[PDB]
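> Take this structure, written in structure tokens, and hold onto it; I'll ask about it next.
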Amino acid sequence: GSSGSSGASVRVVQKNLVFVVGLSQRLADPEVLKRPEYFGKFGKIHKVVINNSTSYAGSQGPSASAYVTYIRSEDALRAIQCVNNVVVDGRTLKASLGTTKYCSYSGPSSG
């Protein structure tokens, strides 16, 4: 198909935003990720949000993502440079920056 689900949208620069994917419902936890042995290892966290499937049916095996906020950008950026290509619990986690949370349009707004 047409690889480009998110086409029309506003340009938002999110550097101080840790976006991790491929997290098992078990790993997807605020306290678990906050722990100094999980993510806190890099540095103290300010905000921790968990994004997972809202409606559960039991047909396929979807994936969830977590958004961690690092008081210090430097710490965050690097934390992602090292987190990438890293094996955790047998599953290779993937961290990146520059992801959106809400939809500008939603409001409505400038629509």
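Chain labels follow the order of the structure tokens: the first chain is A, the next B, and so on; residue numbering restarts at 1 in every chain, and ligands are counted from 1 in their shown order.
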Going by DSSP on the backbone, which residues of chain A come out as strand (DSSP E)? List them as a list in words.

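Assigned to strand (DSSP E), within chain A: residues 18, 19, 20, 21, 22, 23, 45, 46, 47, 48, 49, 50, 51, 64, 65, 66, 67, 68, 69, 70, 86, 87, 88, 91, 92, 93, 94, 95 and 96 of chain A.
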
> Can you write just those residues out, N, CA, C and O atoms, as a compact mmCIF listing (two decimals), in the first residue's frame?


# COMPACT_ATOMS: atom_id res chain seq x y z
N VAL A 18 11.65 10.67 24.80
CA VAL A 18 12.06 9.28 24.60
C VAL A 18 10.87 8.41 24.20
O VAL A 18 9.98 8.15 25.01
N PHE A 19 10.87 7.95 22.95
CA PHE A 19 9.80 7.11 22.45
C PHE A 19 10.29 5.68 22.24
O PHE A 19 11.03 5.40 21.30
N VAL A 20 9.86 4.78 23.11
CA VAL A 20 10.25 3.37 23.02
C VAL A 20 9.07 2.50 22.58
O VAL A 20 7.93 2.74 22.97
N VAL A 21 9.37 1.50 21.76
CA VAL A 21 8.34 0.59 21.26
C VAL A 21 8.70 -0.86 21.54
O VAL A 21 9.82 -1.16 21.98
N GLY A 22 7.76 -1.76 21.29
CA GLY A 22 8.01 -3.17 21.51
C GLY A 22 8.11 -3.51 22.99
O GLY A 22 9.04 -4.20 23.41
N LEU A 23 7.15 -3.04 23.77
CA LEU A 23 7.14 -3.29 25.21
C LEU A 23 5.96 -4.18 25.59
O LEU A 23 4.81 -3.88 25.28
N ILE A 45 13.98 10.87 36.14
CA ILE A 45 12.89 11.14 35.20
C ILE A 45 11.93 12.18 35.77
O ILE A 45 11.73 12.26 36.98
N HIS A 46 11.33 12.97 34.88
CA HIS A 46 10.39 14.00 35.29
C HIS A 46 8.95 13.54 35.08
O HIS A 46 8.11 13.65 35.97
N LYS A 47 8.67 13.02 33.89
CA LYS A 47 7.34 12.53 33.56
C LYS A 47 7.40 11.18 32.86
O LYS A 47 8.28 10.94 32.03
N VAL A 48 6.47 10.30 33.20
CA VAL A 48 6.42 8.97 32.60
C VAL A 48 5.01 8.61 32.15
O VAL A 48 4.11 8.45 32.97
N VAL A 49 4.83 8.51 30.84
CA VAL A 49 3.52 8.17 30.28
C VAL A 49 3.57 6.84 29.54
O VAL A 49 4.52 6.56 28.81
N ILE A 50 2.53 6.03 29.73
CA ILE A 50 2.45 4.73 29.08
C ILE A 50 1.30 4.68 28.08
O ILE A 50 0.15 4.93 28.44
N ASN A 51 1.61 4.36 26.83
CA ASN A 51 0.60 4.28 25.79
C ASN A 51 0.43 2.84 25.30
O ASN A 51 1.34 2.26 24.72
N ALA A 64 2.84 -1.90 22.41
CA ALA A 64 2.63 -0.62 23.08
C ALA A 64 3.91 0.21 23.09
O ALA A 64 5.00 -0.30 22.80
N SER A 65 3.78 1.49 23.41
CA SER A 65 4.92 2.39 23.45
C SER A 65 4.89 3.25 24.71
O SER A 65 3.82 3.55 25.25
N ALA A 66 6.07 3.65 25.18
CA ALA A 66 6.18 4.48 26.37
C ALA A 66 6.93 5.78 26.08
O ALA A 66 7.85 5.80 25.26
N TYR A 67 6.52 6.85 26.74
CA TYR A 67 7.15 8.15 26.55
C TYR A 67 7.76 8.66 27.85
O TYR A 67 7.04 9.07 28.77
N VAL A 68 9.09 8.64 27.93
CA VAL A 68 9.79 9.10 29.11
C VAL A 68 10.36 10.50 28.91
O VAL A 68 10.84 10.83 27.83
N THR A 69 10.29 11.32 29.95
CA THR A 69 10.79 12.68 29.89
C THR A 69 12.04 12.85 30.75
O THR A 69 12.01 12.59 31.96
N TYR A 70 13.13 13.30 30.14
CA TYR A 70 14.38 13.51 30.86
C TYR A 70 14.64 14.99 31.08
O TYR A 70 14.71 15.77 30.14
N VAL A 86 19.49 -2.62 21.36
CA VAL A 86 19.76 -3.25 22.65
C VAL A 86 18.74 -4.34 22.94
O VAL A 86 17.54 -4.14 22.79
N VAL A 87 19.23 -5.50 23.38
CA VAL A 87 18.36 -6.62 23.70
C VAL A 87 17.91 -6.58 25.16
O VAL A 87 18.74 -6.46 26.06
N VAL A 88 16.60 -6.66 25.38
CA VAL A 88 16.05 -6.63 26.72
C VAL A 88 14.98 -7.70 26.90
O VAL A 88 13.92 -7.64 26.27
N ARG A 91 13.81 -9.43 23.87
CA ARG A 91 13.22 -8.55 22.87
C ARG A 91 14.06 -7.29 22.68
O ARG A 91 14.36 -6.58 23.64
N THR A 92 14.45 -7.03 21.43
CA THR A 92 15.26 -5.86 21.12
C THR A 92 14.42 -4.59 21.12
O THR A 92 13.63 -4.35 20.20
N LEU A 93 14.59 -3.77 22.15
CA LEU A 93 13.85 -2.52 22.27
C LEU A 93 14.31 -1.51 21.23
O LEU A 93 15.43 -1.59 20.73
N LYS A 94 13.44 -0.55 20.92
CA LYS A 94 13.77 0.48 19.94
C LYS A 94 13.34 1.86 20.44
O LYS A 94 12.15 2.12 20.61
N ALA A 95 14.31 2.73 20.67
CA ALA A 95 14.03 4.08 21.15
C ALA A 95 14.32 5.12 20.06
O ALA A 95 15.27 4.98 19.30
N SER A 96 13.49 6.15 20.01
CA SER A 96 13.65 7.21 19.01
C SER A 96 12.99 8.50 19.48
O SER A 96 12.20 8.50 20.43

> Need to verify the contact set: residue A:76, 9 Å, only C-alpha atoms, exclusion of same-chain residues closer than 2 positions in sequence. Can you return it as a list in words?

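My list of contacting residues is residues 15, 16, 17, 18, 42, 43, 68, 69, 70, 71, 72, 73, 74, 78, 79, 80 and 81 of chain A.
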
> Using Å and a single decimal, report how far atom CA of residue A:7 sits from atom CA of residue A:61.

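Pair atom CA of residue A:61 / atom CA of residue A:7 returns 25.7 Å.
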
> Pick from A:100, A:63, A:54, A:5: nearest to residue A:26, with only C-alpha atoms counted?

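Of A:100, A:63, A:54, A:5, the one nearest residue A:26 is A:63, counting only C-alpha atoms.
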
> Quick one: pull the distance between atom CA of residue A:104 and atom CA of residue A:55, Å, one decimal.

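Pair atom CA of residue A:104 / atom CA of residue A:55 returns 23.3 Å.
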
> From a backbone DSSP assignment, name each residue in chain A labelled alpha helix (DSSP H), as a ChimeraX atom specification.

/A:30-34,73-83

> Report the distance between atom CA of residue A:99 and atom CA of residue A:14 in Å, rounded to one decimal place.

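Atom CA of residue A:14 lies at a distance of 6.7 Å from atom CA of residue A:99.
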